[PDB]
>>> print(open('final_24.pdb').read())   # PDB, C-alpha atoms
ATOM      1  CA  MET K   1     -64.200  46.740-102.022
ATOM      2  CA  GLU K   2     -66.604  49.669-101.618
ATOM      3  CA  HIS K   3     -68.088  50.380 -98.181
ATOM      4  CA  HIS K   4     -70.349  53.147 -96.828
ATOM      5  CA  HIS K   5     -72.819  53.131 -93.927
ATOM      6  CA  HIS K   6     -74.230  55.090 -90.980
ATOM      7  CA  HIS K   7     -77.303  55.761 -88.823
ATOM      8  CA  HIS K   8     -80.752  57.012 -89.838
ATOM      9  CA  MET K   9     -84.297  57.916 -88.754
ATOM     10  CA  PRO K  10     -84.571  61.618 -87.649
ATOM     11  CA  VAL K  11     -86.686  64.226 -89.464
ATOM     12  CA  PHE K  12     -87.098  67.978 -88.959
ATOM     13  CA  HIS K  13     -88.645  70.990 -90.725
ATOM     14  CA  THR K  14     -89.648  73.850 -88.401
ATOM     15  CA  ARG K  15     -86.908  76.177 -87.136
ATOM     16  CA  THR K  16     -88.079  76.048 -83.522
ATOM     17  CA  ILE K  17     -88.730  72.305 -83.397
ATOM     18  CA  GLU K  18     -85.174  71.783 -84.630
ATOM     19  CA  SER K  19     -83.651  74.082 -82.017
ATOM     20  CA  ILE K  20     -85.269  71.724 -79.506
ATOM     21  CA  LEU K  21     -84.526  68.211 -80.733
ATOM     22  CA  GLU K  22     -81.375  69.086 -82.674
ATOM     23  CA  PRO K  23     -79.187  68.814 -79.544
ATOM     24  CA  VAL K  24     -80.521  65.446 -78.380
ATOM     25  CA  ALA K  25     -80.167  64.533 -82.052
ATOM     26  CA  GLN K  26     -76.438  65.153 -82.448
ATOM     27  CA  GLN K  27     -75.888  63.792 -78.948
ATOM     28  CA  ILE K  28     -77.321  60.454 -80.058
ATOM     29  CA  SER K  29     -75.480  60.317 -83.385
ATOM     30  CA  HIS K  30     -72.323  61.529 -81.634
ATOM     31  CA  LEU K  31     -72.698  58.783 -79.029
ATOM     32  CA  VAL K  32     -72.863  56.257 -81.860
ATOM     33  CA  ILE K  33     -70.425  58.291 -83.939
ATOM     34  CA  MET K  34     -67.721  56.339 -82.099
ATOM     35  CA  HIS K  35     -67.727  53.977 -85.071
ATOM     36  CA  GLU K  36     -64.286  52.475 -84.514
ATOM     37  CA  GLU K  37     -65.921  49.489 -82.829
ATOM     38  CA  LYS K  38     -65.746  52.967 -69.845
ATOM     39  CA  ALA K  39     -68.542  52.179 -67.383
ATOM     40  CA  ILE K  40     -71.942  53.763 -66.723
ATOM     41  CA  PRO K  41     -73.166  55.426 -63.490
ATOM     42  CA  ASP K  42     -76.636  55.189 -61.958
ATOM     43  CA  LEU K  43     -79.106  56.732 -64.403
ATOM     44  CA  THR K  44     -82.012  55.803 -62.132
ATOM     45  CA  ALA K  45     -82.372  59.319 -60.720
ATOM     46  CA  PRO K  46     -81.965  61.074 -64.104
ATOM     47  CA  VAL K  47     -84.083  58.773 -66.279
ATOM     48  CA  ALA K  48     -87.078  59.005 -63.942
ATOM     49  CA  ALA K  49     -87.527  62.721 -64.665
ATOM     50  CA  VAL K  50     -87.248  62.155 -68.418
ATOM     51  CA  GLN K  51     -90.103  59.740 -67.814
ATOM     52  CA  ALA K  52     -91.737  62.460 -65.723
ATOM     53  CA  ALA K  53     -91.807  65.344 -68.204
ATOM     54  CA  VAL K  54     -92.480  62.752 -70.904
ATOM     55  CA  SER K  55     -95.668  61.964 -68.998
ATOM     56  CA  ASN K  56     -96.640  65.629 -68.674
ATOM     57  CA  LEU K  57     -96.154  65.975 -72.423
ATOM     58  CA  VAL K  58     -98.579  63.173 -73.274
ATOM     59  CA  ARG K  59    -100.836  64.820 -70.702
ATOM     60  CA  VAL K  60    -100.982  68.294 -72.246
ATOM     61  CA  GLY K  61    -100.964  66.469 -75.577
ATOM     62  CA  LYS K  62    -103.959  64.264 -74.834
ATOM     63  CA  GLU K  63    -105.971  67.294 -73.726
ATOM     64  CA  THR K  64    -105.127  69.275 -76.857
ATOM     65  CA  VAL K  65    -106.635  66.289 -78.648
ATOM     66  CA  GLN K  66    -109.821  66.987 -76.688
ATOM     67  CA  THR K  67    -110.110  70.654 -77.656
ATOM     68  CA  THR K  68    -108.877  71.683 -81.114
ATOM     69  CA  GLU K  69    -111.211  69.929 -83.558
ATOM     70  CA  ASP K  70    -108.359  69.641 -86.062
ATOM     71  CA  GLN K  71    -109.366  66.097 -87.041
ATOM     72  CA  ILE K  72    -106.143  65.355 -88.922
ATOM     73  CA  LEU K  73    -104.528  66.119 -85.566
ATOM     74  CA  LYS K  74    -106.981  64.278 -83.322
ATOM     75  CA  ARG K  75    -105.911  61.228 -85.333
ATOM     76  CA  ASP K  76    -102.210  61.974 -85.815
ATOM     77  CA  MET K  77    -101.444  62.751 -82.163
ATOM     78  CA  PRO K  78    -102.360  59.374 -80.529
ATOM     79  CA  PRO K  79     -99.781  57.281 -82.450
ATOM     80  CA  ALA K  80     -97.233  59.759 -81.103
ATOM     81  CA  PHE K  81     -98.091  59.138 -77.446
ATOM     82  CA  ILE K  82     -97.533  55.492 -78.344
ATOM     83  CA  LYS K  83     -94.030  56.142 -79.676
ATOM     84  CA  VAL K  84     -92.863  58.155 -76.663
ATOM     85  CA  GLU K  85     -94.774  55.756 -74.418
ATOM     86  CA  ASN K  86     -92.809  52.605 -75.253
ATOM     87  CA  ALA K  87     -89.719  54.612 -76.209
ATOM     88  CA  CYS K  88     -89.713  55.511 -72.517
ATOM     89  CA  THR K  89     -90.313  52.033 -71.098
ATOM     90  CA  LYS K  90     -86.997  51.143 -72.741
ATOM     91  CA  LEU K  91     -85.199  54.190 -71.357
ATOM     92  CA  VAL K  92     -86.381  53.249 -67.876
ATOM     93  CA  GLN K  93     -85.857  49.549 -68.586
ATOM     94  CA  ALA K  94     -82.437  50.172 -70.110
ATOM     95  CA  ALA K  95     -81.311  52.097 -67.030
ATOM     96  CA  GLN K  96     -81.837  48.845 -65.118
ATOM     97  CA  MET K  97     -79.545  46.500 -67.043
ATOM     98  CA  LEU K  98     -76.921  49.215 -66.561
ATOM     99  CA  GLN K  99     -77.637  49.484 -62.837
ATOM    100  CA  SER K 100     -77.555  45.705 -62.448
ATOM    101  CA  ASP K 101     -74.433  45.923 -64.602
ATOM    102  CA  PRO K 102     -72.923  49.128 -66.053
ATOM    103  CA  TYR K 103     -70.630  47.415 -68.561
ATOM    104  CA  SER K 104     -73.295  45.890 -70.793
ATOM    105  CA  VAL K 105     -72.801  47.024 -74.387
ATOM    106  CA  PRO K 106     -76.284  46.048 -75.552
ATOM    107  CA  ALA K 107     -77.730  48.383 -72.924
ATOM    108  CA  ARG K 108     -75.609  51.341 -74.036
ATOM    109  CA  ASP K 109     -77.096  50.751 -77.488
ATOM    110  CA  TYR K 110     -80.446  49.725 -76.009
ATOM    111  CA  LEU K 111     -80.415  52.964 -74.022
ATOM    112  CA  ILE K 112     -79.737  55.114 -77.090
ATOM    113  CA  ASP K 113     -82.532  53.421 -79.046
ATOM    114  CA  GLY K 114     -85.055  54.224 -76.312
ATOM    115  CA  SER K 115     -83.892  57.829 -76.254
ATOM    116  CA  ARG K 116     -84.056  57.853 -80.044
ATOM    117  CA  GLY K 117     -87.724  57.076 -79.415
ATOM    118  CA  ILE K 118     -88.758  59.938 -77.144
ATOM    119  CA  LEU K 119     -86.895  62.153 -79.605
ATOM    120  CA  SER K 120     -88.385  60.725 -82.801
ATOM    121  CA  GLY K 121     -91.672  60.387 -80.917
ATOM    122  CA  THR K 122     -91.695  63.922 -79.549
ATOM    123  CA  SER K 123     -90.667  65.052 -83.019
ATOM    124  CA  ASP K 124     -93.944  63.902 -84.558
ATOM    125  CA  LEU K 125     -95.758  65.241 -81.496
ATOM    126  CA  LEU K 126     -94.572  68.768 -82.281
ATOM    127  CA  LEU K 127     -94.522  68.276 -86.050
ATOM    128  CA  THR K 128     -98.183  67.278 -85.929
ATOM    129  CA  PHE K 129     -99.246  70.009 -83.505
ATOM    130  CA  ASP K 130     -97.398  72.308 -85.904
ATOM    131  CA  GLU K 131     -99.009  71.331 -89.212
ATOM    132  CA  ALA K 132    -102.213  72.064 -87.325
ATOM    133  CA  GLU K 133    -100.927  75.586 -86.711
ATOM    134  CA  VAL K 134    -100.009  76.147 -90.348
ATOM    135  CA  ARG K 135    -103.604  75.024 -90.818
ATOM    136  CA  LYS K 136    -105.255  77.684 -88.672
ATOM    137  CA  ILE K 137    -103.130  80.103 -90.691
ATOM    138  CA  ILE K 138    -104.567  78.760 -93.940
ATOM    139  CA  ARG K 139    -108.098  79.133 -92.588
ATOM    140  CA  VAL K 140    -107.382  82.798 -91.926
ATOM    141  CA  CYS K 141    -106.273  83.327 -95.523
ATOM    142  CA  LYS K 142    -109.093  81.215 -96.944
ATOM    143  CA  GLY K 143    -111.431  83.589 -95.114
ATOM    144  CA  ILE K 144    -109.514  86.574 -96.518
ATOM    145  CA  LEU K 145    -109.762  84.971 -99.945
ATOM    146  CA  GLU K 146    -113.524  84.775 -99.417
ATOM    147  CA  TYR K 147    -114.294  88.291 -98.124
ATOM    148  CA  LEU K 148    -112.545  90.116-100.987
ATOM    149  CA  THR K 149    -115.212  88.619-103.240
ATOM    150  CA  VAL K 150    -117.656  90.508-101.023
ATOM    151  CA  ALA K 151    -116.257  93.782-102.333
ATOM    152  CA  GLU K 152    -118.039  93.046-105.610
ATOM    153  CA  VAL K 153    -121.253  93.692-103.669
ATOM    154  CA  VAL K 154    -120.505  96.988-101.916
ATOM    155  CA  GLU K 155    -122.773  99.620-103.473
ATOM    156  CA  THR K 156    -123.567 101.991-100.606
ATOM    157  CA  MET K 157    -120.756 104.219 -99.356
ATOM    158  CA  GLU K 158    -121.765 103.517 -95.759
ATOM    159  CA  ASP K 159    -120.974  99.843 -96.342
ATOM    160  CA  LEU K 160    -117.458 100.693 -97.494
ATOM    161  CA  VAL K 161    -117.131 102.002 -93.942
ATOM    162  CA  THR K 162    -118.081  98.534 -92.711
ATOM    163  CA  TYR K 163    -116.056  96.581 -95.263
ATOM    164  CA  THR K 164    -112.729  98.198 -94.397
ATOM    165  CA  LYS K 165    -113.117  98.051 -90.608
ATOM    166  CA  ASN K 166    -113.684  94.359 -91.315
ATOM    167  CA  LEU K 167    -111.256  93.501 -94.114
ATOM    168  CA  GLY K 168    -108.517  95.489 -92.370
ATOM    169  CA  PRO K 169    -108.265  93.577 -89.056
ATOM    170  CA  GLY K 170    -108.455  90.348 -91.052
ATOM    171  CA  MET K 171    -105.426  91.264 -93.141
ATOM    172  CA  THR K 172    -103.741  92.411 -89.938
ATOM    173  CA  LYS K 173    -103.883  88.953 -88.365
ATOM    174  CA  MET K 174    -103.264  87.428 -91.791
ATOM    175  CA  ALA K 175     -99.983  89.357 -91.700
ATOM    176  CA  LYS K 176     -98.628  88.628 -88.222
ATOM    177  CA  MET K 177     -99.171  84.912 -88.827
ATOM    178  CA  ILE K 178     -97.214  85.002 -92.077
ATOM    179  CA  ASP K 179     -94.463  87.026 -90.413
ATOM    180  CA  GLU K 180     -93.952  84.315 -87.803
ATOM    181  CA  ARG K 181     -94.162  81.474 -90.315
ATOM    182  CA  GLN K 182     -91.370  82.759 -92.557
ATOM    183  CA  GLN K 183     -89.129  82.857 -89.489
ATOM    184  CA  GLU K 184     -89.916  79.213 -88.732
ATOM    185  CA  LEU K 185     -89.241  78.061 -92.300
ATOM    186  CA  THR K 186     -85.928  76.306 -92.949
ATOM    187  CA  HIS K 187     -85.670  77.138 -96.649
ATOM    188  CA  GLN K 188     -84.582  80.427 -98.205
ATOM    189  CA  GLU K 189     -86.739  79.840-101.280
ATOM    190  CA  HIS K 190     -89.945  79.524 -99.253
ATOM    191  CA  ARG K 191     -89.165  82.361 -96.843
ATOM    192  CA  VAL K 192     -88.741  84.741 -99.778
ATOM    193  CA  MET K 193     -91.609  83.867-102.125
ATOM    194  CA  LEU K 194     -93.707  83.834 -98.954
ATOM    195  CA  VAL K 195     -92.802  87.308 -97.687
ATOM    196  CA  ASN K 196     -92.595  89.367-100.882
ATOM    197  CA  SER K 197     -95.983  87.824-101.628
ATOM    198  CA  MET K 198     -97.701  88.936 -98.430
ATOM    199  CA  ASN K 199     -96.028  92.234 -99.312
ATOM    200  CA  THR K 200     -97.984  93.098-102.448
ATOM    201  CA  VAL K 201    -101.173  92.049-100.657
ATOM    202  CA  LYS K 202    -100.580  94.828 -98.130
ATOM    203  CA  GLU K 203    -100.065  97.470-100.810
ATOM    204  CA  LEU K 204    -102.973  96.253-102.939
ATOM    205  CA  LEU K 205    -105.193  96.794 -99.900
ATOM    206  CA  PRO K 206    -105.136 100.622 -99.766
ATOM    207  CA  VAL K 207    -105.631 100.413-103.533
ATOM    208  CA  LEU K 208    -108.743  98.279-103.972
ATOM    209  CA  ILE K 209    -110.062 100.156-100.955
ATOM    210  CA  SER K 210    -109.862 103.291-103.086
ATOM    211  CA  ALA K 211    -111.261 101.795-106.286
ATOM    212  CA  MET K 212    -114.130 100.780-104.011
ATOM    213  CA  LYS K 213    -114.671 104.314-102.713
ATOM    214  CA  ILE K 214    -113.905 105.931-106.069
ATOM    215  CA  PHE K 215    -116.698 103.836-107.573
ATOM    216  CA  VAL K 216    -119.118 104.267-104.672
ATOM    217  CA  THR K 217    -118.996 108.015-105.333
ATOM    218  CA  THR K 218    -118.787 107.862-109.110
ATOM    219  CA  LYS K 219    -122.045 105.923-109.531
ATOM    220  CA  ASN K 220    -123.570 108.523-107.214
ATOM    221  CA  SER K 221    -123.025 111.066-109.990
ATOM    222  CA  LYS K 222    -123.808 111.164-113.712
ATOM    223  CA  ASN K 223    -120.104 110.313-114.034
ATOM    224  CA  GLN K 224    -120.550 107.577-116.637
ATOM    225  CA  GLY K 225    -117.790 105.015-117.082
ATOM    226  CA  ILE K 226    -118.086 103.071-113.818
ATOM    227  CA  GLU K 227    -116.402 100.389-115.907
ATOM    228  CA  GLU K 228    -113.019 102.102-115.778
ATOM    229  CA  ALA K 229    -113.751 102.423-112.058
ATOM    230  CA  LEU K 230    -115.515  99.143-111.289
ATOM    231  CA  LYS K 231    -113.212  97.113-113.529
ATOM    232  CA  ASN K 232    -110.267  98.594-111.640
ATOM    233  CA  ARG K 233    -111.935  97.151-108.549
ATOM    234  CA  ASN K 234    -112.466  93.468-109.379
ATOM    235  CA  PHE K 235    -109.155  93.657-111.216
ATOM    236  CA  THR K 236    -107.416  94.555-107.960
ATOM    237  CA  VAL K 237    -109.303  91.806-106.143
ATOM    238  CA  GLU K 238    -108.319  89.285-108.807
ATOM    239  CA  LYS K 239    -104.719  90.370-108.228
ATOM    240  CA  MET K 240    -104.963  90.072-104.449
ATOM    241  CA  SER K 241    -106.733  86.717-104.605
ATOM    242  CA  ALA K 242    -104.120  85.451-107.053
ATOM    243  CA  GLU K 243    -101.427  86.572-104.613
ATOM    244  CA  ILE K 244    -103.162  85.254-101.500
ATOM    245  CA  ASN K 245    -103.163  81.802-103.084
ATOM    246  CA  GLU K 246     -99.390  81.857-103.554
ATOM    247  CA  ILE K 247     -99.253  82.163 -99.765
ATOM    248  CA  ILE K 248    -101.685  79.315 -99.164
ATOM    249  CA  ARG K 249    -100.091  77.062-101.780
ATOM    250  CA  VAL K 250     -96.675  77.854-100.319
ATOM    251  CA  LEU K 251     -97.849  77.113 -96.777
ATOM    252  CA  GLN K 252     -99.559  73.883 -97.826
ATOM    253  CA  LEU K 253     -96.208  72.929 -99.312
ATOM    254  CA  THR K 254     -94.708  73.261 -95.849
ATOM    255  CA  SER K 255     -97.930  71.701 -94.533
ATOM    256  CA  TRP K 256     -99.049  68.493 -96.296
ATOM    257  CA  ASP K 257     -96.949  65.878 -94.470
ATOM    258  CA  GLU K 258     -96.412  62.103 -94.841
ATOM    259  CA  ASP K 259     -99.106  61.314 -92.271
ATOM    260  CA  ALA K 260    -101.414  63.210 -94.593
ATOM    261  CA  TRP K 261    -103.305  62.063 -97.696
TER     262      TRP K 261
ATOM    263  CA  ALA J   1     -97.772  74.547 -73.724
ATOM    264  CA  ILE J   2     -96.607  71.780 -76.062
ATOM    265  CA  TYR J   3     -93.441  73.495 -77.306
ATOM    266  CA  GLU J   4     -92.706  73.901 -73.605
ATOM    267  CA  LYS J   5     -93.128  70.450 -72.050
ATOM    268  CA  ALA J   6     -91.351  69.215 -75.165
ATOM    269  CA  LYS J   7     -88.281  71.383 -74.610
ATOM    270  CA  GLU J   8     -88.461  70.234 -70.992
ATOM    271  CA  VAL J   9     -88.148  66.522 -71.733
ATOM    272  CA  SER J  10     -85.696  67.403 -74.500
ATOM    273  CA  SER J  11     -83.252  68.678 -71.884
ATOM    274  CA  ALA J  12     -84.235  66.143 -69.220
ATOM    275  CA  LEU J  13     -83.278  63.559 -71.830
ATOM    276  CA  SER J  14     -80.197  65.477 -72.952
ATOM    277  CA  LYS J  15     -79.160  65.407 -69.296
ATOM    278  CA  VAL J  16     -79.378  61.611 -69.244
ATOM    279  CA  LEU J  17     -77.410  60.921 -72.414
ATOM    280  CA  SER J  18     -74.772  63.124 -70.793
ATOM    281  CA  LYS J  19     -73.950  60.424 -68.244
ATOM    282  CA  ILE J  20     -73.334  58.070 -71.168
ATOM    283  CA  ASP J  21     -70.063  59.789 -72.043
ATOM    284  CA  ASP J  22     -67.965  62.957 -71.809
ATOM    285  CA  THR J  23     -64.767  61.727 -73.468
TER     286      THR J  23
END
>>> encode(input="final_24.pdb", output="structure tokens")
Amino acid sequence: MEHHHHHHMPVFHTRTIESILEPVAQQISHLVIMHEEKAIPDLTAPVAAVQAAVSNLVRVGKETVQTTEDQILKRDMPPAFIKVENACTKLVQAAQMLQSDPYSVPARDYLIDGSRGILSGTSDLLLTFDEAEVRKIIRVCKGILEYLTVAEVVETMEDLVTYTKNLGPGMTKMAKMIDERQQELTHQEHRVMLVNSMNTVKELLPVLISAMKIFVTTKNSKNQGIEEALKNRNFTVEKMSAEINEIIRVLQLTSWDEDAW
Amino acid sequence: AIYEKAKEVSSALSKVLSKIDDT
């Protein structure tokens, strides 16, 4: 005689998203936690606002699907509005059976299920809008993993003065983004290999930037051996690019989600 | 504004499930 069973159906990955649905999450499981197997007031005036904000959400959510061209989002968002949509009709509908009778046990369960909707539904809503964010972050890196290759074409010293002013700011934004991400991550492993990585990239910047200038002035003189100077360059790049990918790959790990191919 | 309106309904909902019990 072996028995084991409980509830299910609630995902979560981002630190913020959790500290937003976590409460309503434990509340639901705690309301069903009474697994031993009391009347209900009038939830008419407190379920109408949950339907209110829920509407505003779909609103600001349906507009975001009209701006950001993130296709994978423009197609992953809609189904969400559907979830919260009907998940609400139950909440509002459930509140009725309880108003017409606040002792009904199917309603208490019916009510929870509907709430479990707006939660599970809003979850995807944020989750999706989030993966899209981790995306914009990848784009930034992809563009920083594309410019470095441009170093291998900087001959004139004057250009070096237009490569840094450019590469710099890029790495700057490519740093703040990573900083925030690590905070949002819910796994120690990722947070680490993600930070220490973006770390070397910062140090390797003032380096390749030198090998670039050291070469731009060495070729200007009879100083033969640009190899030991040039090689040092591309070598640094190759190191940065190899590191930058660890970031991307890591992010994509925390990115590619079920809804995705 | 998403993370906002979301948190909004999150509470607005958390305020409803509160009338479902309090021990």
>>> resolve_selection(input="final_24.pdb", expression="the PyMOL selection byres ((chain J) within 6 of (chain K))", output="ChimeraX atom specification")
/J:5,7,9,12-14,16
>>> residues_near_point(input="final_24.pdb", point="(-100.0, 58.9, -78.6)", cutoff="9 Å", atoms="all atoms listed in the file", output="list in words")
residues 58, 61, 62, 76, 77, 78, 79, 80, 81, 82, 83, 84, 85, 121 and 125 of chain K
>>> resolve_selection(input="final_24.pdb", expression="the PyMOL selection byres ((chain J and resi 23) around 12)", output="PyMOL selection string")
(chain K and resi 30-31+34+38-39) or (chain J and resi 18-22)
>>> atom_distance(input="final_24.pdb", atom1="CA of residue 124 (chain K)", atom2="CA of residue 74 (chain K)")
13.1 Å
>>> atom_distance(input="final_24.pdb", atom1="CA of residue 10 (chain J)", atom2="CA of residue 87 (chain K)")
13.5 Å
>>> closest_residue(input="final_24.pdb", among="K:227, K:109, K:131, K:69", to="residue 260 (chain K)", atoms="only C-alpha atoms")
K:131
>>> resolve_selection(input="final_24.pdb", expression="the PyMOL selection byres ((chain K and resi 233) around 8)", output="list in words")
residues 152, 208, 211, 212, 229, 230, 231, 232, 234, 235, 236 and 237 of chain K
>>> write_last_selection(input="final_24.pdb", atoms="C-alpha atoms", output="compact mmCIF listing (two decimals), in the coordinates of the input")
# COMPACT_ATOMS: atom_id res chain seq x y z
CA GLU K 152 -118.04 93.05 -105.61
CA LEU K 208 -108.74 98.28 -103.97
CA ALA K 211 -111.26 101.80 -106.29
CA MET K 212 -114.13 100.78 -104.01
CA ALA K 229 -113.75 102.42 -112.06
CA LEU K 230 -115.52 99.14 -111.29
CA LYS K 231 -113.21 97.11 -113.53
CA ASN K 232 -110.27 98.59 -111.64
CA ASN K 234 -112.47 93.47 -109.38
CA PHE K 235 -109.16 93.66 -111.22
CA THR K 236 -107.42 94.56 -107.96
CA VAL K 237 -109.30 91.81 -106.14
>>> residues_around(input="final_24.pdb", residues="region 2-14 of chain K", least_positions_apart="5", cutoff="8 Å", atoms="all atoms listed in the file", output="MDAnalysis selection string")
chainID K and resid 25 29 120 123 127 184:186
>>> axis_aligned_box(input="final_24.pdb", around="region 36-39 of chain K", padding_each_side="5 Å", output="JSON")
{"center_x": -66.4, "center_y": 51.2, "center_z": -75.9, "size_x": 14.3, "size_y": 13.5, "size_z": 27.1}
